[PDB]
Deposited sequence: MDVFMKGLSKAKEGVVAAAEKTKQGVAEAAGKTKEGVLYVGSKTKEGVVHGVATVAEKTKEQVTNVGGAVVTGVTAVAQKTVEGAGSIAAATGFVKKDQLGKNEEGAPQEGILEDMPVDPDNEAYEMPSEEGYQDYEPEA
């Protein structure tokens, strides 16, 4: 008997300028696992079985990695 929830109830000369803005937002992520079986055997690699939530307004940079999940970088410069 399992559950995961995210709720938002609202039982209810102005001048907005650049306001009430959402920029790079993650909201309401619900996840359940029940009676799951997992066998990982990893060798030199990347395994991701979980929950990842990345919220970013700005990522500047030449050759930047802004959000990586399960990433194997093996470059030769």
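Coordinate coverage of the deposited sequence is interrupted at 1-13, 26-35, 101-140, where no C-alpha atom was modelled.
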